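J.: The following block contains the structure, expressed as structure tokens.
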Amino acid sequence: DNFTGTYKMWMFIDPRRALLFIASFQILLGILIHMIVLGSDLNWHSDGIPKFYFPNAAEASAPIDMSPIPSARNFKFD
Amino acid sequence: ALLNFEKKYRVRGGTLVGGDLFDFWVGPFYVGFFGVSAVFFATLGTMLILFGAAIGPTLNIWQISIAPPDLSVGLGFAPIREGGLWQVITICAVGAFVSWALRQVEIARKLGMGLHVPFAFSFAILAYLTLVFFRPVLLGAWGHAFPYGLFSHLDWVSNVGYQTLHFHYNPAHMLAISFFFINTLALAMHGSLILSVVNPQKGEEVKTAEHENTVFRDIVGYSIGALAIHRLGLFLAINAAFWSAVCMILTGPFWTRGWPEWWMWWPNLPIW
Amino acid sequence: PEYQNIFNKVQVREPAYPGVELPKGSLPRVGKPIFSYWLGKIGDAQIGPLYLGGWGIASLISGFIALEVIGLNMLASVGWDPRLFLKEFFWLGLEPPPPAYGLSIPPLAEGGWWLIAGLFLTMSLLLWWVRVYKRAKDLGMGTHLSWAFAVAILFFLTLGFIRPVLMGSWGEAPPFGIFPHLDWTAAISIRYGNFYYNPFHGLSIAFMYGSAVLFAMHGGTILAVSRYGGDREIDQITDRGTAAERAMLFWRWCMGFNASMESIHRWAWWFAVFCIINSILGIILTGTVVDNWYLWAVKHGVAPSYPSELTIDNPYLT
Amino acid sequence: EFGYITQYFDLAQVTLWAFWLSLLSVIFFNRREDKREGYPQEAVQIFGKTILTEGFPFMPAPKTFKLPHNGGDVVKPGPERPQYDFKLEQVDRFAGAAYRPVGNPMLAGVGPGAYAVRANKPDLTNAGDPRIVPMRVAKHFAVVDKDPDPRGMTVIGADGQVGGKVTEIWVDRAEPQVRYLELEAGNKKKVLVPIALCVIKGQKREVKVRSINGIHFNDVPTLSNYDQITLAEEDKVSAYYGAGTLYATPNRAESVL
Amino acid sequence: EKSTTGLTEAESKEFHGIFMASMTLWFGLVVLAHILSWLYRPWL
Amino acid sequence: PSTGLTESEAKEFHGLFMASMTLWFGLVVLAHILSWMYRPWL
Amino acid sequence: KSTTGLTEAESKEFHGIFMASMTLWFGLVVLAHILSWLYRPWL
Amino acid sequence: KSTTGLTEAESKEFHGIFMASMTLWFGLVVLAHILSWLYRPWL
Amino acid sequence: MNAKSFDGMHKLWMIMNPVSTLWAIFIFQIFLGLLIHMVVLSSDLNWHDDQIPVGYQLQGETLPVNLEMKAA
Amino acid sequence: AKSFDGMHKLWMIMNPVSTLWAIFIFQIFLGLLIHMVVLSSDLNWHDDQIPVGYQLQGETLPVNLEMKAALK
Amino acid sequence: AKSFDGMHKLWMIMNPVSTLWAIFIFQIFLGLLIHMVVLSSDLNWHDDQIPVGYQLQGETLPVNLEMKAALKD
Amino acid sequence: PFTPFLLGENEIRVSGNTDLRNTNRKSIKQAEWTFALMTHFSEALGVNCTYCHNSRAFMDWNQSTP
Ligand code: BCL
Ligand code: BCL
Ligand code: BCL
Ligand code: BCL
Ligand code: BCL
Ligand SMILES: CC(C)=CCC/C(C)=C\CC/C(C)=C/CC/C(C)=C\CC/C(C)=C/CC/C(C)=C/CC/C(C)=C/CC/C(C)=C/CC1=C(C)C(=O)c2ccccc2C1=O
Ligand SMILES: COC(C)(C)CCC/C(C)=C/C=C/C(C)=C/C=C/C(C)=C/C=C\C=C(C)\C=C\C=C(C)\C=C\C=C(/C)CCCC(C)(C)OC
Ligand SMILES: [Ca+2]
Ligand SMILES: [Ca+2]
Ligand SMILES: [Ca+2]
Ligand SMILES: [Ca+2]
Ligand SMILES: [Fe+3]
Ligand SMILES: [Mg+2]
């Protein structure tokens with residue numbers, strides 16, 4: 001084959017540093033993808049399935065920037 | 001009282017004015033010609049501030065205020081009750097500050113050292129003179145300076161700032177704030193490092209200069225050195241003061257629009 | 001005149017210094033040290049090497065993810081044009097969610113990217129904290145630099161996470177820009193009635209002025225006795241020479257009291273930390289306890305009272 | 001109603017009091033740390049008696065520095081080494097009067113020419129070697145070209161006369177930089193001058209030392225061994241150059257205006 | 001001269017064996033998570 | 001032995017580490033079963 | 001002279017494996033793009 | 001005098017491969033631009 | 001040449017450090033991956049919010065349980 | 001025509017490794033820059049809704065339309 | 001005609017490598033700058049909608065028009 | 001700022017009438033919108049804030065000008 005001697009990689013790249021990089025990167029990427037998916041239409045915490053559990057506002061508009069601070073908690077904006 | 005080691009350094013000479021007449025100590029202080037001057041002017045200024053509080057509406061410490069003349073007086077002489085007291089006190093203040101600096105020069109000459117501290121004090125003095133003398137002269141009236149009062153010079157600062165709609169966009173103001181912030185950061189790091197090296201982990205020896213270099217090269221990759229951090233310190237503080245003086249001499253004399261509109265020179269360069 | 005000791009007139013080189021030996025079980029230091037002639041005119045000329053272990057790599061991954069996010073949103077706000085990016089650079093920013101969303105997680109282009117960047121920047125600074133602590137402790141030194149860093153991190157988290165949560169809105173936090181964050185500063189003063197009548201703001205200003213004063217004084221005094229070997233503070237501490245003696249006589253004669261070569265560094269530490277402690281205390285009470293700082297100052301007998309002469313009619317009362 | 005008041009006592013008020021008390025208390029501790037050097041102080045009484053006083057607040061309890069390489073323990077506040085033998089005459093008959101040196105002011109060790117009494121050991125590196133050494137003992141150093149090498153230049157001495165010639169450079173191994181210049185004087189002795197009292201002109205190939213005069217370079221203190229310097233010797237050398245700032249010319253201590 | 005980590009060739013072979021096994025197991029678990037997510041909430 | 005542990009010490013540590021991690025994950029699963037019974041989220 | 005300490009044999013070895021790895025990576029990239037074009041064509 | 005330690009033979013070798021590589025790169029650039037002109041002409 | 005033009009190419013690693021190159025390539029590829037994904041998500045080609053194959057927030061708002069609760 | 005004979009001697013005064021690294025880094029930076037400059041113009045190819053608009057395609061799927069009708 | 005004879009001696013006082021690097025870097029910076037200066041004027045050639053406007057071409061495709069119609073209902 | 005204020009009819013006031021926390025729920029963003037409109041008032045007349053306010057209390061009518 002062409003990949004016969006790949007294991008010699010660890011003779012000039014430090015395996016300790018490699019491990020420390022990979023663990024950190026994977027955990028950070030996990031957190032990142034979860035927050036990205038939660039900030040979209042695929043969100044699964046406040047989507048109302050299988051039921052809305054909170055006492056949400058009865059008529060919540062589409063929020064604009066020129067807004068006041070809300071009086072009560074609400075999680076159903078759509 | 002004298003320190004354990006103080007007596008062999010209390011010799012005569014080193015003075016600027018006066019001579020052997022004012023060359024003595026009173027307690028721990030050294031007096032000199034300029035010591036007499038400074039205490040004279042400080043006492044007089046304080047007593048006049050107090051009297052100007054007595055003829056006002058209240059002796060509450062937070063609400064005393066002595067104000068400068070009106071703008072119609074110009075660069076003339078105002079009545080005592082409507083501005084002249086402010087002028088006498090602002091003469092006393094200059095006298096006291098300069099006396100302070102020259103006394104420092106006498107002391108340093110006697111102890112055999114360099115004149116770095118009075119030189120750095122000179123820039124505080126320069127900022128004060130910018131606010132009370134140079135800017136008022138260029139604008140044409142003493143009544144452009146600030147009143148003497150806690151809480152009452154803050155009203156001055158506020159309204160002067162809003163005379164340009166948004167004073168945060170003043171360029172020399174941005175540069176001075178940069179220097180102030182970096183100075184506090186540097187002072188925290190310097191304090192921490194020396195304390196850490198002479199107060200090591202329990203049951204260890206005092207560390208060395210190599211440790212001081214190593215720690216910052218490990219954290220950040222560069223260490224400036226034990227003598228250059230003192231230099232960097234003198235530099236950051238002096239520059240803060242300098243650019244404050246510039247930012248105030250620009251506002252009013254050389255720029256009368258809003259400060260955001262100055263910056264408009266940048267996106268109007270014909271190169272984007 | 002006489003040499004002022006501001007620049008190095010003659011430079012000397014020896015081979016680079018790798019650093020004090022670390023405890024066994026440590027990673028090697030990365031980089032080959034280089035020398036800078038211009039940096040050597042004012043200070044030490046060596047650059048590198050650097051220590052990258054576990055905590056300082058996780059930090060630097062977090063921080064760069066945050067920077068990529070912030071930069072890309074600033075760039076999307078001009079339509080991806082780099083020419084316009086350079087043209088209008090001080091006016092661009094990444095903006096927090098609209099205040100009506102409360103503490104929920106908003107959609108990505110209406111405040112979710114701000115939330116992501118804030119989270120990643122937070123994690124970056126806490127990992128850096130652990131790095132600073134361990135680096136000082138592995139060499140056997142006191143951990144005084146970690147205490148001050150902790151104070152600074154706490155101020156970053158107060159304005160930004162703790163106060164927005166106590167208020168009930170992420171839209172109460174600063175954006176990531178230059179002119180945008182200056183606008184935030186002015187607006188929060190305008191809304192809560194004049195920060196000049198906030199007493200913790202006055203005290204922190206007292207300590208910022210004091211930091212500049214104290215460090216001008218110390219930098220001057222040590223450059224002025226460096227002819228007697230004063231720049232070497234560790235030896236002047238553990239074996240007091242004439243430089244320290246002259247340094248302490250100067251201040252004693254001038255203003256009546258003095259510190260020692262070790263104590264002045266404790267004064268420095270505290271003057272830099274009280275500034276930020278008062279910063280935290282002043283921001284944490286604004287909005288949550290006090291709604292108008294000027295009316296507070298009037299209730300507690302602090303504000304002056306200019307003479308009136310006129311009468312203005314409030315048109316909402318007519 | 002614009003300024004209606006509901007209750008006088010609030011949290012901002014209490015917190016401000018707490019801060020006033022937390023300051024006011026670090027002042028206390030710092031002022032106590034300030035008095036580990038130079039105390040107890042000496043108060044002179046009504047008719048000359050001297051007592052030891054301690055100030056407000058009082059002195060702290062002693063702490064110990066453990067110096068490296070078996071360099072001993074240092075207790076502070078602790079004992080003091082004895083002063084040497086300065087002679088002084090008071091000028092006016094009161095406790096706050098100034099003093100005059102009795103003999104030759106340059107060789108008296110009073111005024112800006114006073115020095116401390118340190119250890120008779122050199123300062124060490126992290127490895128145990130002496131820290132300040134001549135460039136022939138430290139064989140790895142080199143002056144960076146682009147910079148005037150002072151070896152060879154002359155040492156003009158503030159009145160225009162020649163003091164001697166530079167023959168060596170003394171470096172600092174812990175932080176690589178120049179600390180002293182060694183020169184041969186008019187009577188063929190080897191004396192040091194600190195680099196922070198020298199103005200080096202590369203083209204004139206001169207070193208100007210504004211502190212002392214040309215003939216004064218013959219009486220600079222000398223070292224025991226020329227492969228190292230101790231803390232005591234550093235102090236003596238530097239102090240001799242500092243005495244000239246006030247004693248070199250008889251007109252230097254005499255009121256500018 | 002050349003940059004090395006001090007591992008011989010046998011140690012490198014050992015490390016490589018276990019590294020590849022671990023990476024394969026991790027990717028297996030990832031695939032399983034995505035099959036479940038597609039069954040629950042398909043995104044394309 | 002870049003950590004100074006021999007192979008026996010490493011074996012010992014590994015045994016107890018794996019046991020502890022398994023117990024921790026068991027407790028996590030139990031918490032999630034209770035939460036699903038109380039407030040199902042999917 | 002700037003040098004890496006590798007001889008010519010070591011360089012040949014490294015080059016072999018480097019080129020193989022890069023080719024495999026580019027193959028995977030091409031496959032990803034064919035799938036994306038089938039699902040959501042962008043040009 | 002500023003020098004790189006390469007002899008004249010080593011410089012000739014380096015130059016040969018450098019020029020070959022640069023020519024190949026520019027060829028690929030030209031191909032990319034022909035495709036772009038066919039798809040979305042800009043002048 | 002045209003066929004023997006790239007012969008000595010394997011000598012490249014006698015002047016270019018293999019370790020630095022490897023680390024640089026890996027880091028650059030990760031950064032570029034993040035960047036391109038973020039640039040494509042901010043366009044019309046966005047695939048998380050396009051409501052294909054169905055909109056899930058809308059699906060949750062019109063469940064019979066939620067509708068019956070909102071009716072009161 | 002023999003004016004460029006000694007050109008190969010360039011590498012006896014200019015370092016080959018430094019030059020290689022500089023070229024590579026500059027090329028990557030220029031690639032990113034030109035792609036961003038052309039994407040921010042009328043030639044933009046990600047957002048132009050050609051060959052079709054995908055957000056608009058998702059808003060008019062029959063399932064989404066029927067759900068939006070029953071809400072309103 | 002004989003004023004510029006000794007000109008080749010320039011390289012005995014000016015370093016050739018430093019000069020080469022300076023020239024190359026300056027030329028690249030100037031290239032970028034002039035392109036950016038011309039793009040920010042009336043001569044801009046990316047946004048001038050010649051030979052056709054492509055955003056406008058995308059907004060009026062029949063498929064996009066028919067989808068935008070079925071949303072007005 | 002003209003759409004909400006000079007064609008729509010929104011509240012320009014943002015500050016409170018007492019010193020401690022009360023029923024006021026305006027935010028810093030609303031404060032920014034007000035600041036924008038006031039900047040236009042200043043530019044359109046050739047004046048500063050102090051032509052109609054004392055900055056130490058932008059909300060008090062007894063400390064304004066006529
Ligand atoms: C709405 C108002 C504007 C504003 C309007 C102004 C105005 C107006 C001014 C500043 C000035 C300053 N502003 Mg601003 N500024 C604003 C917001 C900021 C913010 C911020 C975080 O938002 C910061 C960080 C700053 C920071 C600063 C500094 C750059 C500068 C003050 C330092 C100085 O003047 O030193 C200089 C030091 C002195 C003047 C001290 C003089 C010292 C004397 C010689 C010694 C006195 C000794 C004493 C009598 C002895 C007592 C003895 C006892 C025994 C103890 N401003 C807002 C936007 N700002 C000031 C300035 O730049 O002036 C030059 C100034 O005039
Ligand atoms: C709608 C979207 C789905 C969803 C879709 C996915 C998809 C798709 C994936 C995940 C994955 C994960 N999800 Mg999920 N996930 C959802 C909701 C959640 C919620 C929650 C509060 O709602 C939580 C807390 C999680 C948490 C998790 C983690 C267990 C896992 C991420 C591992 C990681 O970060 O790398 C950490 C990695 C390392 C440190 C390096 C390698 C690990 C090595 C071997 C050592 C670590 C120890 C151990 C193995 C750690 C993982 C524990 C398990 C045994 C896997 N998901 C919703 C319902 N989730 C990922 C996963 O399953 O990985 C297998 C994944 O692919
Ligand atoms: C609707 C959501 C549910 C909820 C759903 C969940 C779910 C699902 C989980 C938790 C878990 C936890 N929840 Mg809960 N939780 C709720 C509300 C709360 C409230 C509160 C104020 O409302 C609190 C204080 C808690 C607190 C806790 C902790 C006990 C625990 C996280 C421990 C941890 O971080 O270990 C981190 C620290 C370590 C790993 C250190 C290492 C081990 C140390 C040395 C031993 C610590 C012991 C540990 C705390 C357990 C002790 C219990 C004994 C075995 C009896 N929950 C609500 C009601 N919660 C997690 C859990 O229980 O883990 C088993 C978990 O999976
Ligand atoms: C509309 C656009 C399409 C899309 C179009 C594309 C296109 C086109 C490409 C990707 C590519 C990638 N996409 Mg995608 N992608 C989409 C949505 C996603 C989502 C998501 C949450 O929505 C995620 C998490 C991903 C994630 C990924 C990564 C797997 C991959 C980038 C790899 C990399 O950066 O290597 C950098 C790291 C290195 C070079 C180091 C060596 C690699 C290591 C050892 C292994 C990494 C993973 C490996 C390639 C896959 C596992 C091994 C194989 C199974 C054998 N895509 C949507 C649906 N995506 C790229 C790709 O896969 O190339 C292979 C690619 O060309
Ligand atoms: C309307 C505009 C067109 C477009 C018009 C062009 C034009 C014109 C060109 C490109 C070129 C490129 N385009 Mg394009 N391109 C478009 C959209 C894209 C999109 C996208 C996300 O939409 C991506 C990711 C790309 C990416 C790319 C890169 C492959 C290439 C830039 C190479 C480089 O910078 O190397 C610089 C870095 C180095 C030289 C470092 C040296 C590394 C060595 C030599 C190996 C590098 C491999 C190299 C990247 C690619 C070789 C490909 C192989 C033969 C498979 N284009 C749109 C549709 N594109 C350029 C190109 O093709 O180069 C030939 C080019 O001239
Ligand atoms: C006014 C009156 C009623 C007078 C009557 C009395 C009579 C008749 C005469 C007395 C004689 C004279 C001439 C007195 C003048 C003095 C008077 C009256 C007033 C001045 C007092 C004064 C200005 C004090 C201000 C003190 C303040 C607030 C200082 C600010 C900074 C500060 C807090 C510093 C603390 C830290 C200290 C001590 C720093 C100094 C210090 C520094 C900076 C080092 O670098 C250093 C390096 C190495 C060793 C020691 C030191 C060191 O001690
Ligand atoms: C084009 O550029 C590229 C992409 C190539 C990269 C270049 C990068 C560049 C040029 C970047 C420029 C950046 C600039 C100018 C940044 C300016 C920054 C400033 C001045 C910022 C000032 C203040 C911001 C602050 C104080 C933010 C504080 C935020 C905090 C504390 C966030 C807290 C959020 C948290 C902890 C998360 C909670 C989320 C969750 C999930 C728990 O919610 C429920
Ligand atoms: Ca759900
Ligand atoms: Ca989709
Ligand atoms: Ca398209
Ligand atoms: Ca065109
Ligand atoms: Fe210091
Ligand atoms: Mg804003």
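Chain labels run A, B, ... following the order of the structure tokens; each chain numbers its residues from 1, and ligands are numbered from 1 in the order shown.
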Would you list the contacts of range 124-136 of chain C as a ChimeraX atom specification, taking every protein, DNA or RNA residue within 12 Å and counting only C-alpha atoms, but skipping same-chain residues closer than 6 positions in sequence?

T.: /A:24,28 /B:189,192-193,196-197,200-201,207,211-220 /C:20,22-23,26,50-67,117-118,142-154,156-157

J.: Can you move chain H onto chain G by a least-squares fit over all C-alpha atoms paired in order, then give me the moved copy as a PDB file with C-alpha atoms, in the first residue's frame?

T.:
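Full text of superposed_7.pdb as output:
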```pdb
ATOM      1  CA  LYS H   1      22.362  27.373   5.771  1.00  0.00           C
ATOM      2  CA  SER H   2      18.756  26.478   6.700  1.00  0.00           C
ATOM      3  CA  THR H   3      18.312  22.711   6.995  1.00  0.00           C
ATOM      4  CA  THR H   4      15.862  20.345   8.669  1.00  0.00           C
ATOM      5  CA  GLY H   5      18.171  17.444   9.518  1.00  0.00           C
ATOM      6  CA  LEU H   6      16.267  15.059   7.241  1.00  0.00           C
ATOM      7  CA  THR H   7      18.376  13.098   4.795  1.00  0.00           C
ATOM      8  CA  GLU H   8      17.144  12.422   1.276  1.00  0.00           C
ATOM      9  CA  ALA H   9      15.709   8.989   2.169  1.00  0.00           C
ATOM     10  CA  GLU H  10      13.660  10.405   5.035  1.00  0.00           C
ATOM     11  CA  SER H  11      12.394  13.166   2.749  1.00  0.00           C
ATOM     12  CA  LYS H  12      11.369  10.616   0.135  1.00  0.00           C
ATOM     13  CA  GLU H  13       9.456   8.642   2.778  1.00  0.00           C
ATOM     14  CA  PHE H  14       7.660  11.693   4.141  1.00  0.00           C
ATOM     15  CA  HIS H  15       6.781  12.828   0.631  1.00  0.00           C
ATOM     16  CA  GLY H  16       5.230   9.468  -0.284  1.00  0.00           C
ATOM     17  CA  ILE H  17       2.878   9.458   2.676  1.00  0.00           C
ATOM     18  CA  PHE H  18       2.089  13.180   2.402  1.00  0.00           C
ATOM     19  CA  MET H  19       0.966  12.832  -1.209  1.00  0.00           C
ATOM     20  CA  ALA H  20      -1.139   9.748  -0.467  1.00  0.00           C
ATOM     21  CA  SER H  21      -2.915  11.522   2.403  1.00  0.00           C
ATOM     22  CA  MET H  22      -3.595  14.675   0.398  1.00  0.00           C
ATOM     23  CA  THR H  23      -5.057  12.644  -2.468  1.00  0.00           C
ATOM     24  CA  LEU H  24      -7.406  10.775  -0.142  1.00  0.00           C
ATOM     25  CA  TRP H  25      -8.570  14.042   1.469  1.00  0.00           C
ATOM     26  CA  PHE H  26      -9.337  15.632  -1.903  1.00  0.00           C
ATOM     27  CA  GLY H  27     -11.282  12.511  -2.917  1.00  0.00           C
ATOM     28  CA  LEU H  28     -13.529  12.897   0.122  1.00  0.00           C
ATOM     29  CA  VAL H  29     -14.028  16.588  -0.685  1.00  0.00           C
ATOM     30  CA  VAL H  30     -15.161  15.769  -4.203  1.00  0.00           C
ATOM     31  CA  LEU H  31     -17.651  13.251  -2.873  1.00  0.00           C
ATOM     32  CA  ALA H  32     -19.135  15.787  -0.433  1.00  0.00           C
ATOM     33  CA  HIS H  33     -19.612  18.294  -3.269  1.00  0.00           C
ATOM     34  CA  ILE H  34     -21.338  15.779  -5.531  1.00  0.00           C
ATOM     35  CA  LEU H  35     -23.826  15.064  -2.755  1.00  0.00           C
ATOM     36  CA  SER H  36     -24.393  18.788  -2.136  1.00  0.00           C
ATOM     37  CA  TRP H  37     -24.988  19.430  -5.842  1.00  0.00           C
ATOM     38  CA  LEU H  38     -27.545  16.636  -5.948  1.00  0.00           C
ATOM     39  CA  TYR H  39     -29.370  18.102  -2.941  1.00  0.00           C
ATOM     40  CA  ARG H  40     -29.161  21.888  -3.418  1.00  0.00           C
ATOM     41  CA  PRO H  41     -27.543  23.136  -6.681  1.00  0.00           C
ATOM     42  CA  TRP H  42     -26.000  26.579  -6.266  1.00  0.00           C
ATOM     43  CA  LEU H  43     -24.951  27.709  -9.755  1.00  0.00           C
TER      44      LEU H  43
END
```

J.: How would you report the residues lying within 12 Å of ligand 12, as a ChimeraX atom specification, if you count only C-alpha atoms and all ligand atoms?

T.: /B:186-195,225-234 /C:214-223,226,230-234,236-237,244,247,260-269

J.: Using only C-alpha atoms, find the residues of chain F whose closest atom to chain A is at most 8 Å away, then write them as a ChimeraX atom specification.

T.: /F:40-42

J.: Emit the selected residues as a PDB file, in the first residue's frame, including N, CA, C and O atoms.

T.:
```
ATOM      1  N   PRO F  40     -41.804  15.323  30.012  1.00  0.00           N
ATOM      2  CA  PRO F  40     -41.166  14.843  28.776  1.00  0.00           C
ATOM      3  C   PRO F  40     -40.916  15.964  27.777  1.00  0.00           C
ATOM      4  O   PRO F  40     -41.794  16.804  27.559  1.00  0.00           O
ATOM      5  N   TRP F  41     -39.711  15.990  27.194  1.00  0.00           N
ATOM      6  CA  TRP F  41     -39.281  17.130  26.402  1.00  0.00           C
ATOM      7  C   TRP F  41     -39.221  16.882  24.911  1.00  0.00           C
ATOM      8  O   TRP F  41     -39.102  17.826  24.154  1.00  0.00           O
ATOM      9  N   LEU F  42     -39.281  15.632  24.466  1.00  0.00           N
ATOM     10  CA  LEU F  42     -39.239  15.337  23.036  1.00  0.00           C
ATOM     11  C   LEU F  42     -40.616  14.881  22.559  1.00  0.00           C
ATOM     12  O   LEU F  42     -41.437  14.356  23.314  1.00  0.00           O
TER      13      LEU F  42
END
```

J.: CA of residue 51 in chain I and atom 25 (C, counted along the ligand's line) of ligand 4, how far apart in Å?

T.: 18.4 Å

J.: Can you pull out every residue with an atom within 12 Å of ligand 13? Use only C-alpha atoms and all ligand atoms and format it as a VMD selection string.

T.: (chain A and resid 65 to 66) or (chain C and resid 91 to 98 171 to 188) or (chain L and resid 28 to 36)

J.: Hey, could you make a per-residue contact list for chain K against ligand 10 with 12 Å as the cut-off, showing the nearest pair of atoms and its distance in Å to one decimal, counting only C-alpha atoms and all ligand atoms, sorted by chain and number, as JSON lines?

T.:
```
{"residue": "K:54", "atom": "CA", "partner": "ligand 10", "partner_atom_place_in_ligand_line": "1 (Ca)", "distance": 9.9}
{"residue": "K:55", "atom": "CA", "partner": "ligand 10", "partner_atom_place_in_ligand_line": "1 (Ca)", "distance": 9.7}
{"residue": "K:57", "atom": "CA", "partner": "ligand 10", "partner_atom_place_in_ligand_line": "1 (Ca)", "distance": 11.1}
{"residue": "K:58", "atom": "CA", "partner": "ligand 10", "partner_atom_place_in_ligand_line": "1 (Ca)", "distance": 8.5}
{"residue": "K:59", "atom": "CA", "partner": "ligand 10", "partner_atom_place_in_ligand_line": "1 (Ca)", "distance": 11.6}
```

J.: Hey, list the chain E side of the contact with chain I: 12 Å cut-off, only C-alpha atoms, answer as a ChimeraX atom specification.

T.: /E:1-5,38,40-44

J.: Restricting the output to C-alpha atoms, write the selected residues as a CSV table (one decimal), in the first residue's frame.

T.:
```
chain,number,residue,atom,x,y,z
E,1,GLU,CA,19.4,18.1,14.8
E,2,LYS,CA,15.9,17.0,13.7
E,3,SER,CA,12.7,17.4,15.8
E,4,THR,CA,11.9,14.2,17.8
E,5,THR,CA,9.6,13.1,20.6
E,38,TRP,CA,-32.8,11.7,11.7
E,40,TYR,CA,-36.9,11.9,15.3
E,41,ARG,CA,-36.5,15.3,13.5
E,42,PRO,CA,-35.2,15.1,9.8
E,43,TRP,CA,-33.5,18.3,8.8
E,44,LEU,CA,-32.9,18.0,5.0
```

J.: Residues within 7 Å of ligand 3 should be enumerated using only C-alpha atoms and all ligand atoms and returned as a PyMOL selection string.

T.: chain F and resi 24+27-29+31-32+35+39

J.: Considering only C-alpha atoms, return as a PyMOL selection string whatever protein or nucleic-acid residues lie within 12 Å of residue 44 in chain K, sequence-local ones (same chain, fewer than 5 positions apart) excluded.

T.: (chain B and resi 272) or (chain H and resi 42-43) or (chain J and resi 41-42) or (chain K and resi 34-39+49-50)

J.: Quick one: everything within 8 Å of residue 57 in chain L, counting only C-alpha atoms, minus sequence neighbours fewer than 3 positions away in the same chain. Send it as a PyMOL selection string.

T.: (chain C and resi 193-194+294) or (chain L and resi 53-54+60+63)
